[PDB]
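Note that the protein sequences, when read in sequence, are chains A and A'. A prime marks a further copy of an entry chain. Position one of the first sequence corresponds to residue 699 (PDB author numbering), numbered consecutively onward. Position one of the second sequence corresponds to residue 699 (PDB author numbering), numbered consecutively onward. Beta carbons: idealized from backbone N, C-alpha and C, even for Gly. Structure, as structure tokens:
Number of protein chains: 2
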Amino acid sequence: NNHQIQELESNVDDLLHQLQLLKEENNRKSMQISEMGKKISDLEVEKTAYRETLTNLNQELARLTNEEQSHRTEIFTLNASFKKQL
Amino acid sequence: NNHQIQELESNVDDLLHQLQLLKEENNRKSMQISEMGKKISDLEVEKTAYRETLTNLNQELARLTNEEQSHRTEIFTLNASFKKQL
Numbered sequence: 699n700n701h702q703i704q705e706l707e708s709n710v711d712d713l714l715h716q717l718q719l720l721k722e723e724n725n726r727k728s729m730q731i732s733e734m735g736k737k738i739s740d741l742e743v744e745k746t747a748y749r750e751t752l753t754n755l756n757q758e759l760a761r762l763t764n765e766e767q768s769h770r771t772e773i774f775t776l777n778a779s780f781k782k783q784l
Numbered sequence: 699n700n701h702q703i704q705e706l707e708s709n710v711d712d713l714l715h716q717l718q719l720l721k722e723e724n725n726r727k728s729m730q731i732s733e734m735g736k737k738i739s740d741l742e743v744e745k746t747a748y749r750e751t752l753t754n755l756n757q758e759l760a761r762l763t764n765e766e767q768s769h770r771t772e773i774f775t776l777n778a779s780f781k782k783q784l
């Protein structure tokens, strides 16, 4: 008819626009995925740094409190053993 | 010519295939972005949990070591002050 060519013109125009917009999206998404991949690696090693220091300091803390305790006990035993002789 | 219609047939076929493959990519990427967004939030709060415990235990550790030190000093001062009278 008198419309049959103008039909494809507009259609082709659309496909080629959409495929512009989508190649654009795919690009913005590839970039965001790169940046998020890096953020994940960074957070993972920062989490590991805090965890490993936490567990190391927990061990020292256990060690000290166990000492402060055995020392606190021994000084109470001697101080009662003092007044029982005196 | 005798080629001019078969030309668009194959072309249109391509655009419509590519736009299939790209709508597919955009979908796989939207999903991966969702999962990475969540992983980032999870790692951020796990990092915070380790950091806040680390800083709390560091304070207790400082407190103990300062005590164990003032106690260790005082018991050396008294023990030298002992043998100087005796």
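The beta carbon of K745 of chain A' falls within 9 Å of a beta carbon belonging to chain A, placing the residue at that interface.
For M729 of chain A, there are no neighbours in chain A' by C-beta distance under 9 Å, as the nearest C-beta there is about 10 Å away. Not one beta carbon of chain A' lies nearer than 9 Å to the beta carbon of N699 of chain A. Taking a 10 Å sphere around the C-beta of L752 of chain A', we find 16 or more other C-beta atoms and assign the residue as buried.
For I738 of chain A, the C-beta contacts it makes with chain A' under 9 Å involve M734, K737, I738, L741, in order along the chain. Taking a contact as a CB-CB distance under 8 Å, the pair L755 of chain A and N756 of chain A' counts as one, their CB atoms being some 6 Å apart. In the three-state reduction of the DSSP assignment, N700 of chain A falls in the coil class.
Within the model, the alpha-carbon separation for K782 of chain A' versus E772 of chain A' is close to 16 Å. Among the residues facing chain A, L713 of chain A' is included, as its CB has a counterpart in that chain under 9 Å away. With 16 or more other Cβ atoms inside 10 Å of its own Cβ, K745 of chain A counts as buried. Straight-line measurement puts the Cα of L759 of chain A at about 26 Å from the Cα of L741 of chain A. A Cβ of chain A' is located within less than 9 Å of the beta carbon of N724 of chain A.
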